[PDB]
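Below is coords-v7.pdb, which holds PDB, C-alpha atoms.
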```pdb
ATOM      1  CA  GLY A   1       0.000   0.000   0.000
ATOM      2  CA  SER A   2       1.074   3.609  -0.814
ATOM      3  CA  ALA A   3      -0.563   6.799   0.608
ATOM      4  CA  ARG A   4       0.060   9.945   2.791
ATOM      5  CA  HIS A   5       1.162   7.930   5.902
ATOM      6  CA  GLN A   6       5.051   8.061   5.848
ATOM      7  CA  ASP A   7       4.645  11.158   8.110
ATOM      8  CA  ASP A   8       3.449   8.922  11.055
ATOM      9  CA  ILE A   9       6.122   6.223  10.315
ATOM     10  CA  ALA A  10       8.663   8.919  11.405
ATOM     11  CA  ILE A  11       7.004   9.002  14.910
ATOM     12  CA  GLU A  12       7.286   5.157  15.052
ATOM     13  CA  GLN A  13      11.111   5.566  14.589
ATOM     14  CA  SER A  14      11.773   8.666  16.825
ATOM     15  CA  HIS A  15      10.504   6.977  20.048
ATOM     16  CA  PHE A  16      12.419   3.767  19.079
ATOM     17  CA  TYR A  17      15.706   5.777  18.974
ATOM     18  CA  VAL A  18      15.045   7.229  22.506
ATOM     19  CA  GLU A  19      14.637   3.626  23.803
ATOM     20  CA  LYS A  20      17.856   2.573  21.914
ATOM     21  CA  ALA A  21      19.804   5.475  23.536
ATOM     22  CA  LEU A  22      18.883   4.159  27.048
ATOM     23  CA  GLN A  23      19.558   0.507  26.010
ATOM     24  CA  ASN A  24      23.009   1.661  24.733
ATOM     25  CA  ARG A  25      23.938   3.171  28.190
ATOM     26  CA  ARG A  26      23.473  -0.283  29.825
ATOM     27  CA  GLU A  27      25.435  -2.034  27.008
ATOM     28  CA  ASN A  28      28.332   0.539  27.081
ATOM     29  CA  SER A  29      28.601   0.369  30.914
ATOM     30  CA  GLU A  30      28.723  -3.484  31.107
ATOM     31  CA  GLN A  31      31.756  -3.295  28.709
ATOM     32  CA  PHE A  32      33.623  -0.976  31.179
ATOM     33  CA  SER A  33      32.380  -3.130  34.142
ATOM     34  CA  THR A  34      34.392  -6.099  32.681
ATOM     35  CA  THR A  35      37.755  -4.414  31.741
ATOM     36  CA  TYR A  36      37.945  -2.629  35.176
ATOM     37  CA  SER A  37      36.938  -5.919  36.989
ATOM     38  CA  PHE A  38      39.342  -8.293  35.069
ATOM     39  CA  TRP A  39      42.391  -7.064  37.088
ATOM     40  CA  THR A  40      44.237  -9.098  39.788
ATOM     41  CA  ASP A  41      44.865  -5.988  41.946
ATOM     42  CA  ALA A  42      41.154  -4.961  41.609
ATOM     43  CA  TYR A  43      39.949  -8.398  42.894
ATOM     44  CA  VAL A  44      42.718  -8.516  45.615
ATOM     45  CA  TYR A  45      42.202  -4.922  46.976
ATOM     46  CA  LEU A  46      38.320  -4.943  46.724
ATOM     47  CA  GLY A  47      37.580  -8.703  47.354
ATOM     48  CA  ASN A  48      35.809  -8.934  50.772
ATOM     49  CA  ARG A  49      37.862  -5.735  51.707
ATOM     50  CA  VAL A  50      38.351  -1.970  50.953
ATOM     51  CA  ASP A  51      41.940  -0.632  50.525
ATOM     52  CA  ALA A  52      41.220   2.899  49.140
ATOM     53  CA  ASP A  53      44.898   3.940  49.753
ATOM     54  CA  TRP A  54      45.903   1.811  46.681
ATOM     55  CA  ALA A  55      43.032   3.197  44.551
ATOM     56  CA  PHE A  56      44.133   6.831  45.270
ATOM     57  CA  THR A  57      48.002   6.436  45.293
ATOM     58  CA  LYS A  58      47.969   4.683  41.833
ATOM     59  CA  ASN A  59      44.726   6.465  40.695
ATOM     60  CA  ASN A  60      43.618   3.059  39.167
ATOM     61  CA  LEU A  61      40.109   3.518  40.723
ATOM     62  CA  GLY A  62      40.192   7.179  41.951
ATOM     63  CA  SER A  63      38.607  10.568  40.986
ATOM     64  CA  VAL A  64      40.221  10.229  37.484
ATOM     65  CA  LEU A  65      37.293   7.895  36.471
ATOM     66  CA  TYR A  66      35.269  11.121  35.776
ATOM     67  CA  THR A  67      38.015  12.287  33.259
ATOM     68  CA  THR A  68      39.454   9.004  31.733
ATOM     69  CA  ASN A  69      36.437   7.937  29.552
ATOM     70  CA  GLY A  70      34.786   6.320  32.667
ATOM     71  CA  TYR A  71      31.391   6.709  34.438
ATOM     72  CA  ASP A  72      29.647   9.268  36.728
ATOM     73  CA  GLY A  73      30.236   7.286  40.000
ATOM     74  CA  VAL A  74      31.121   3.910  41.621
ATOM     75  CA  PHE A  75      30.130   1.847  44.691
ATOM     76  CA  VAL A  76      31.281  -1.435  46.352
ATOM     77  CA  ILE A  77      28.661  -3.662  48.072
ATOM     78  CA  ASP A  78      28.903  -7.114  49.697
ATOM     79  CA  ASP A  79      26.834  -9.216  52.203
ATOM     80  CA  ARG A  80      24.430  -6.239  52.946
ATOM     81  CA  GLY A  81      26.923  -3.402  53.543
ATOM     82  CA  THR A  82      28.877  -0.631  51.704
ATOM     83  CA  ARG A  83      32.352   0.862  52.447
ATOM     84  CA  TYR A  84      33.305   2.669  49.159
ATOM     85  CA  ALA A  85      31.083   5.348  47.493
ATOM     86  CA  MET A  86      32.699   7.467  44.708
ATOM     87  CA  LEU A  87      30.125  10.254  44.103
ATOM     88  CA  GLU A  88      31.026  12.419  41.025
ATOM     89  CA  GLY A  89      34.772  11.671  41.633
ATOM     90  CA  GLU A  90      34.804  12.272  45.461
ATOM     91  CA  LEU A  91      35.270  10.068  48.581
ATOM     92  CA  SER A  92      32.095  10.406  50.734
ATOM     93  CA  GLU A  93      30.071   8.378  53.299
ATOM     94  CA  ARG A  94      26.724   7.426  51.629
ATOM     95  CA  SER A  95      24.643   4.397  50.531
ATOM     96  CA  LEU A  96      23.470   3.382  47.034
ATOM     97  CA  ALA A  97      20.034   2.744  48.649
ATOM     98  CA  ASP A  98      19.826   6.332  50.084
ATOM     99  CA  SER A  99      20.789   8.416  46.950
ATOM    100  CA  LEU A 100      17.637   7.082  45.095
ATOM    101  CA  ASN A 101      15.616   5.712  48.138
ATOM    102  CA  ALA A 102      15.324   2.184  46.485
ATOM    103  CA  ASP A 103      15.977  -1.140  48.338
ATOM    104  CA  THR A 104      19.464  -2.816  48.121
ATOM    105  CA  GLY A 105      18.105  -6.147  49.562
ATOM    106  CA  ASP A 106      17.171  -7.392  46.021
ATOM    107  CA  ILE A 107      19.844  -5.496  43.946
ATOM    108  CA  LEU A 108      22.569  -7.484  45.826
ATOM    109  CA  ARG A 109      20.756 -10.773  44.848
ATOM    110  CA  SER A 110      20.740 -10.039  41.073
ATOM    111  CA  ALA A 111      24.299  -8.590  41.417
ATOM    112  CA  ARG A 112      25.440 -11.933  43.051
ATOM    113  CA  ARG A 113      23.838 -13.725  40.012
ATOM    114  CA  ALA A 114      26.046 -11.664  37.587
ATOM    115  CA  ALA A 115      29.106 -13.820  38.503
ATOM    116  CA  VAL A 116      27.689 -17.338  37.706
ATOM    117  CA  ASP A 117      26.812 -16.211  34.112
ATOM    118  CA  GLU A 118      29.971 -14.026  33.473
ATOM    119  CA  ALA A 119      27.647 -11.060  32.597
ATOM    120  CA  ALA A 120      26.718  -7.797  34.420
ATOM    121  CA  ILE A 121      23.077  -6.885  35.367
ATOM    122  CA  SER A 122      21.254  -3.545  34.804
ATOM    123  CA  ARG A 123      18.151  -1.629  36.086
ATOM    124  CA  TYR A 124      16.428   1.808  36.184
ATOM    125  CA  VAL A 125      16.514   4.077  39.329
ATOM    126  CA  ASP A 126      15.504   7.632  40.489
ATOM    127  CA  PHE A 127      18.498   9.679  41.807
ATOM    128  CA  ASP A 128      18.064  12.878  43.919
ATOM    129  CA  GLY A 129      17.030  15.527  41.282
ATOM    130  CA  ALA A 130      17.004  13.469  37.990
ATOM    131  CA  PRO A 131      16.613   9.809  36.728
ATOM    132  CA  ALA A 132      19.557   7.343  36.631
ATOM    133  CA  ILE A 133      20.654   3.774  35.700
ATOM    134  CA  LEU A 134      22.299   1.201  38.038
ATOM    135  CA  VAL A 135      24.577  -1.639  36.774
ATOM    136  CA  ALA A 136      26.339  -4.340  38.853
ATOM    137  CA  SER A 137      29.326  -6.603  38.017
ATOM    138  CA  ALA A 138      31.294  -9.310  39.851
ATOM    139  CA  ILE A 139      35.073  -8.762  40.250
ATOM    140  CA  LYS A 140      36.710 -12.027  38.990
ATOM    141  CA  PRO A 141      40.465 -12.914  38.873
ATOM    142  CA  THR A 142      42.298 -12.515  35.508
ATOM    143  CA  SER A 143      45.643 -14.259  34.474
ATOM    144  CA  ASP A 144      43.842 -17.690  34.518
ATOM    145  CA  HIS A 145      43.879 -17.754  38.392
ATOM    146  CA  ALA A 146      41.721 -20.117  40.540
ATOM    147  CA  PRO A 147      37.946 -19.368  41.105
ATOM    148  CA  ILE A 148      36.486 -17.543  44.183
ATOM    149  CA  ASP A 149      33.390 -18.134  46.411
ATOM    150  CA  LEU A 150      30.781 -16.068  44.474
ATOM    151  CA  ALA A 151      28.283 -15.855  47.417
ATOM    152  CA  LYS A 152      31.037 -14.148  49.580
ATOM    153  CA  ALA A 153      33.006 -12.257  46.857
ATOM    154  CA  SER A 154      32.553  -8.453  46.398
ATOM    155  CA  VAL A 155      30.413  -6.776  43.691
ATOM    156  CA  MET A 156      31.181  -3.402  42.072
ATOM    157  CA  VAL A 157      28.296  -1.155  40.957
ATOM    158  CA  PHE A 158      28.388   1.836  38.587
ATOM    159  CA  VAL A 159      25.795   4.645  38.497
ATOM    160  CA  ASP A 160      24.993   7.441  36.008
ATOM    161  CA  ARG A 161      22.574  10.308  36.723
ATOM    162  CA  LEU A 162      21.062  11.538  33.433
ATOM    163  CA  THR A 163      21.559  15.367  33.149
ATOM    164  CA  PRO A 164      20.312  18.068  30.672
ATOM    165  CA  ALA A 165      23.873  18.362  29.216
ATOM    166  CA  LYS A 166      23.602  14.682  27.957
ATOM    167  CA  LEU A 167      19.931  15.010  26.825
ATOM    168  CA  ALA A 168      21.339  16.860  23.749
ATOM    169  CA  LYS A 169      23.200  13.639  22.602
ATOM    170  CA  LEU A 170      20.349  11.255  23.733
ATOM    171  CA  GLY A 171      18.396  12.635  20.690
ATOM    172  CA  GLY A 172      20.559  14.959  18.496
ATOM    173  CA  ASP A 173      23.368  12.376  17.912
ATOM    174  CA  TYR A 174      20.661   9.638  17.481
ATOM    175  CA  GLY A 175      18.933  11.763  14.729
ATOM    176  CA  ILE A 176      15.808  12.617  16.840
ATOM    177  CA  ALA A 177      14.467  16.231  16.791
ATOM    178  CA  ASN A 178      14.830  18.690  19.781
ATOM    179  CA  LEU A 179      15.070  16.489  22.937
ATOM    180  CA  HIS A 180      14.099  17.360  26.562
ATOM    181  CA  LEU A 181      13.019  15.789  29.904
ATOM    182  CA  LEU A 182       9.311  16.056  30.933
ATOM    183  CA  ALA A 183       9.632  16.915  34.665
ATOM    184  CA  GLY A 184       6.097  17.045  36.204
ATOM    185  CA  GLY A 185       3.597  17.474  33.296
ATOM    186  CA  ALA A 186       1.552  15.880  30.465
ATOM    187  CA  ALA A 187       2.152  16.515  26.725
ATOM    188  CA  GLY A 188      -0.616  18.117  24.531
ATOM    189  CA  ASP A 189      -1.230  14.883  22.498
ATOM    190  CA  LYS A 190       2.508  15.244  21.486
ATOM    191  CA  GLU A 191       5.021  12.369  21.099
ATOM    192  CA  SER A 192       6.847  11.203  24.296
ATOM    193  CA  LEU A 193       8.156   8.046  26.112
ATOM    194  CA  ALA A 194       7.372   6.964  29.709
ATOM    195  CA  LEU A 195      10.564   5.509  31.283
ATOM    196  CA  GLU A 196      10.330   1.943  32.711
ATOM    197  CA  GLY A 197      10.150   1.899  36.572
ATOM    198  CA  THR A 198      10.886   5.669  37.133
ATOM    199  CA  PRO A 199       8.292   8.551  37.300
ATOM    200  CA  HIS A 200      10.204  10.687  34.687
ATOM    201  CA  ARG A 201       9.350  10.835  30.915
ATOM    202  CA  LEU A 202      11.344  11.701  27.740
ATOM    203  CA  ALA A 203       9.854  14.119  25.150
ATOM    204  CA  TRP A 204      10.703  15.724  21.771
ATOM    205  CA  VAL A 205       9.197  17.838  18.895
ATOM    206  CA  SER A 206       9.541  15.908  15.591
ATOM    207  CA  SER A 207       7.696  17.451  12.594
ATOM    208  CA  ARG A 208       5.383  15.031  10.686
TER
END
```

Would you mind writing the file out in structure tokens?
Amino acid sequence: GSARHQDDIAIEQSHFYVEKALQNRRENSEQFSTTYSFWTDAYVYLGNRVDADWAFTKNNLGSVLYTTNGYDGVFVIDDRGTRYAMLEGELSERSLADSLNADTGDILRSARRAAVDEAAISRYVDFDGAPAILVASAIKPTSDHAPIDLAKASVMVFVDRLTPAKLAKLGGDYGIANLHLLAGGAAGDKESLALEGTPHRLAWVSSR
């Protein structure tokens, strides 16, 4: 069939790209969550322990993560506790449960399951002021070393708060029209995308 309908096919693609941009965050982060976890010193200095003096003196897991093609922040959780919380490249006392009010009691369970399948796990969350994504990965020994007890091993977690500076690339680099967050409103029969799990919503202004 051929008629004046290709104008609404464009709307079928523009929302699909905004979903792909959020899917791509999870798939880019799991790739960093393996290279920075496949290190003998990372598993030795973070495995059931927290030796931040190494991470700062060598900068291998310090504030430089914000300026070395890394992620917005990092945490270390094991057996229902936390002792390392890199927030925007700073050492601070805080919990990954508190910064988004969500429960850690089930995130540690899926994060434990990341190890037995050699693959990180990913979810949506609601950080203080804007939406975010949470991804968890098991630190496993490289150099063909012996295995470790995965129920008692440590688990690293990376976090990225979405911000209006990155909303420009979440649509403009994906080929979507003008792209903006919908913070506390309802569109006038316009095109938009409700985020899974979080109360926030993505919106844009594509011409038919």

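Between residue 135 in chain A and the residues A:193, A:186, A:157, A:18, the shortest atom-to-atom distance, using all atoms listed in the file, involves A:157.
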
Note to self: Under the PyMOL selection byres ((chain A and resi 110) around 12), which residues of this model are included? Write them out as a PyMOL selection string.
What the structure shows: chain A and resi 104-109+111-117+119-123+134-138+151+155+157

Exercise. Which polymer residues have any atom within 10 Å of an atom of residue 180 in chain A, counting all atoms listed in the file, with same-chain residues fewer than 4 positions away left out, as a PyMOL selection string?
Worked result: chain A and resi 164+166-168+170-171+192+201-205

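Put simply, the PyMOL selection byres ((chain A and resi 19) around 10) in this file takes in residues 14, 15, 16, 17, 18, 20, 21, 22, 23, 24, 170, 193, 194, 195 and 202 of chain A.
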
Counting all atoms listed in the file, closest pick from A:128, A:144, A:189, A:8 relative to residue 160 in chain A is A:128

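The interatomic distance for the pair CA of residue 185 in chain A and CA of residue 126 in chain A works out to 17.0 Å.
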
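The space separating CA of residue 53 in chain A from CA of residue 101 in chain A comes to 29.4 Å.
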
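Among A:150, A:43, A:156, A:187, the residue with the shortest atom-to-atom distance to residue 73 in chain A, counting only C-alpha atoms, is A:156.
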
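This file, queried with the PyMOL selection byres ((chain A and resi 84-90) around 6), gives the residues residues 63, 66, 72, 73, 74, 75, 76, 83 and 91 of chain A.
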
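Computed from the coordinates, the CA of residue 146 in chain A to CA of residue 40 in chain A distance equals 11.3 Å.
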
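Distances to residue 177 in chain A were evaluated for A:57, A:92, A:5, A:208 using all atoms listed in the file, and the minimum falls at A:208.
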
- Near residue 44 in chain A, within 12 Å and counting all atoms listed in the file, which residues show up once chain neighbours fewer than 2 positions away are dropped, as a ChimeraX atom specification? /A:37-42,46-51,54-55,139-142,145,148,153-154

Have range 35-70 of chain A completed to N, CA and C atoms, please, and pass it along as a CSV table (one decimal), in the frame of the given file.
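Once written, result16.csv looks like this:
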```
chain,number,residue,atom,x,y,z
A,35,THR,N,36.3,-4.8,31.8
A,35,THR,CA,37.8,-4.4,31.7
A,35,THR,C,38.3,-3.9,33.1
A,36,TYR,N,37.5,-3.1,33.8
A,36,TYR,CA,37.9,-2.6,35.2
A,36,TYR,C,37.7,-3.7,36.3
A,37,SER,N,37.1,-4.8,36.0
A,37,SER,CA,36.9,-5.9,37.0
A,37,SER,C,37.8,-7.1,36.7
A,38,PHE,N,38.3,-7.3,35.5
A,38,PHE,CA,39.3,-8.3,35.1
A,38,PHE,C,40.8,-7.8,35.4
A,39,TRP,N,41.1,-7.5,36.6
A,39,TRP,CA,42.4,-7.1,37.1
A,39,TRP,C,42.7,-7.7,38.4
A,40,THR,N,43.8,-8.4,38.6
A,40,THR,CA,44.2,-9.1,39.8
A,40,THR,C,44.3,-8.2,41.0
A,41,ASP,N,44.9,-7.0,40.9
A,41,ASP,CA,44.9,-6.0,41.9
A,41,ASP,C,43.4,-5.5,42.3
A,42,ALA,N,42.5,-5.3,41.3
A,42,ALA,CA,41.2,-5.0,41.6
A,42,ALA,C,40.5,-6.0,42.5
A,43,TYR,N,40.5,-7.3,42.1
A,43,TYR,CA,39.9,-8.4,42.9
A,43,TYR,C,40.7,-8.6,44.3
A,44,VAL,N,42.0,-8.4,44.3
A,44,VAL,CA,42.7,-8.5,45.6
A,44,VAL,C,42.4,-7.4,46.6
A,45,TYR,N,42.4,-6.1,46.1
A,45,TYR,CA,42.2,-4.9,47.0
A,45,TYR,C,40.7,-4.5,47.2
A,46,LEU,N,39.8,-5.1,46.5
A,46,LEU,CA,38.3,-4.9,46.7
A,46,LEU,C,37.6,-6.2,47.2
A,47,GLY,N,38.2,-7.4,47.0
A,47,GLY,CA,37.6,-8.7,47.4
A,47,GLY,C,37.4,-8.9,48.9
A,48,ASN,N,36.2,-8.9,49.4
A,48,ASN,CA,35.8,-8.9,50.8
A,48,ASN,C,36.5,-7.8,51.6
A,49,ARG,N,37.1,-6.8,51.0
A,49,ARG,CA,37.9,-5.7,51.7
A,49,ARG,C,37.8,-4.4,50.9
A,50,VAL,N,38.4,-3.3,51.5
A,50,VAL,CA,38.4,-2.0,51.0
A,50,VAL,C,39.6,-1.2,51.3
A,51,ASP,N,40.6,-1.3,50.4
A,51,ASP,CA,41.9,-0.6,50.5
A,51,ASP,C,42.1,0.6,49.6
A,52,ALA,N,41.3,1.6,49.9
A,52,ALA,CA,41.2,2.9,49.1
A,52,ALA,C,42.6,3.6,49.0
A,53,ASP,N,43.5,3.4,49.9
A,53,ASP,CA,44.9,3.9,49.8
A,53,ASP,C,45.6,3.5,48.5
A,54,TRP,N,45.4,2.3,48.0
A,54,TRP,CA,45.9,1.8,46.7
A,54,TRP,C,45.2,2.5,45.5
A,55,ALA,N,43.9,2.6,45.6
A,55,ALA,CA,43.0,3.2,44.6
A,55,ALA,C,43.3,4.7,44.3
A,56,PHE,N,43.7,5.4,45.4
A,56,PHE,CA,44.1,6.8,45.3
A,56,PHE,C,45.6,7.0,44.9
A,57,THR,N,46.5,6.2,45.5
A,57,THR,CA,48.0,6.4,45.3
A,57,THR,C,48.4,6.1,43.9
A,58,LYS,N,47.8,5.1,43.2
A,58,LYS,CA,48.0,4.7,41.8
A,58,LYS,C,46.9,5.3,40.9
A,59,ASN,N,45.9,6.0,41.4
A,59,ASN,CA,44.7,6.5,40.7
A,59,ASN,C,44.0,5.4,39.8
A,60,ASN,N,44.2,4.1,40.0
A,60,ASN,CA,43.6,3.1,39.2
A,60,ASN,C,42.1,3.0,39.3
A,61,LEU,N,41.5,3.4,40.5
A,61,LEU,CA,40.1,3.5,40.7
A,61,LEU,C,39.8,4.8,41.6
A,62,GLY,N,40.4,5.9,41.2
A,62,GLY,CA,40.2,7.2,42.0
A,62,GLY,C,39.4,8.2,41.2
A,63,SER,N,39.4,9.5,41.6
A,63,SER,CA,38.6,10.6,41.0
A,63,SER,C,38.8,10.7,39.5
A,64,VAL,N,39.9,10.3,38.9
A,64,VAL,CA,40.2,10.2,37.5
A,64,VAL,C,39.2,9.5,36.6
A,65,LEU,N,38.4,8.6,37.2
A,65,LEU,CA,37.3,7.9,36.5
A,65,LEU,C,36.3,8.9,35.8
A,66,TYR,N,36.1,10.1,36.4
A,66,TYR,CA,35.3,11.1,35.8
A,66,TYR,C,35.9,11.8,34.6
A,67,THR,N,37.2,11.6,34.3
A,67,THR,CA,38.0,12.3,33.3
A,67,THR,C,39.0,11.4,32.5
A,68,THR,N,38.7,10.0,32.4
A,68,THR,CA,39.5,9.0,31.7
A,68,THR,C,38.6,8.1,30.9
A,69,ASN,N,37.5,8.6,30.3
A,69,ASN,CA,36.4,7.9,29.6
A,69,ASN,C,35.6,6.9,30.4
A,70,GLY,N,35.6,7.1,31.7
A,70,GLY,CA,34.8,6.3,32.7
A,70,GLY,C,33.4,6.9,33.0
```
